[PDB]
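One chain comes next, on its own, written as structure tokens: the form deposited in one PDB entry.
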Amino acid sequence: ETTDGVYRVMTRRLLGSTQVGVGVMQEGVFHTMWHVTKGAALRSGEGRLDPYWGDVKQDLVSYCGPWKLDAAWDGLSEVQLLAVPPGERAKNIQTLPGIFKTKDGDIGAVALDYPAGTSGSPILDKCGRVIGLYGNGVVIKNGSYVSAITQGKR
């Protein structure tokens, strides 16, 4: 299956079937976060997906071709996280991003807290373009979570 869309990333090495993350299929390339797969090969039905590009520092990895996703947050509008939590239906959640201010520039961030296996779910703009992936962030004072909107370079 290479149809564009969002996919669960599953393993059987633990008890039951376990969702370890999420990713995006677009233009025949599968996009997820590095910590989901650690760069390992993936099965899709009877076919195999071999990694093509990845970068631990960005926490990103692509399969079957180079990173395709290049939209970016406009810095002004709300976005939607299309969360795909383990064992639950995909659900859109709208929010206005905050900002990670870093020495090398600023990055949209979303203050939404989902289970760890939700890593790699796409964040979309109002045109439905994927502006980045959910799941690399920080834990704030009260103990909840803020994820960077992590995007690669096409």
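Each residue number is its position in the shown sequence, starting from 1.
Heads up, the form deposited with a small molecule bound isn't pictured, but that's what we're talking about next.
*Asks:* Given a 4.5 Å cut-off on heavy atoms, tell me which of 22-30, 48-56, 103-111, 65-73 is the interface stretch with the small molecule in the entry with it bound.
*Replies:* It is 48-56 that comes within 4.5 Å of the partner.
*Asks:* My question is simply whether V61 lines the interface with the small molecule in the entry with it bound - judged by any non-hydrogen atom within 4.5 Å.
*Replies:* Output for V61 is yes: heavy atoms within 4.5 Å of the small molecule.
*Asks:* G39 near the small molecule in the entry with it bound, any heavy atom under 4.5 Å?
*Replies:* Because a heavy atom of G39 falls inside 4.5 Å of the small molecule in the entry with it bound, the answer is yes.
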